[PDB]
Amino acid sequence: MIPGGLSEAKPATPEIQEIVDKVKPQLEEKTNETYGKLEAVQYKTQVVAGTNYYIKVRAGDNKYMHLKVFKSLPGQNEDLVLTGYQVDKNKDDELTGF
């Protein structure tokens, strides 16, 4: 752990799955394609002026993607935003800051 660095990977929890669900519409938007469920498998967090979640998800065809979801600080009253994503990922790829 380093200042502004990403945490150790942790296996996904329902909260993380929830973040993926909430954010799914935005991903479909960027990629053009549409998804059955995305299974949240593992994630890392990075503290900024708010929080970046880096989540590894599975498309259910053994395809994996890495999502970057920004959670704003308490007073900004903004919902979760997908600020980045990477497609065509390996089950064992490390989650890294991008």
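Heads up, when I say rigid core I mean the largest set of C-alphas that superpose within 1.5 Å between the two forms. Numbering starts at 1 and follows the sequence shown.
Kindly name the stretch, out of 35 to 43 and 60 to 68, whose CA atoms are displaced more from this form in 4 other deposited structures of this protein after the core superposition? So, of the two stretches, the farther one in 4 other deposited structures of this protein is 60 to 68.
Do the Cα atoms of 69 to 77 or of 44 to 52 sit farther, on average, from the shown structure in 4 other deposited structures of this protein when the rigid core is superposed? Between the two stretches, 69 to 77 moves farther in 4 other deposited structures of this protein.
Once you work out the mean C-alpha B-factor for both 62 to 70 and 47 to 55 from the entry, which is higher? The recorded data point to 62 to 70.
If you average the CA temperature factors as listed in the entry, which stretch comes out higher, 86 to 94 or 71 to 79? Stretch with the greater average CA B-factor: 86 to 94.
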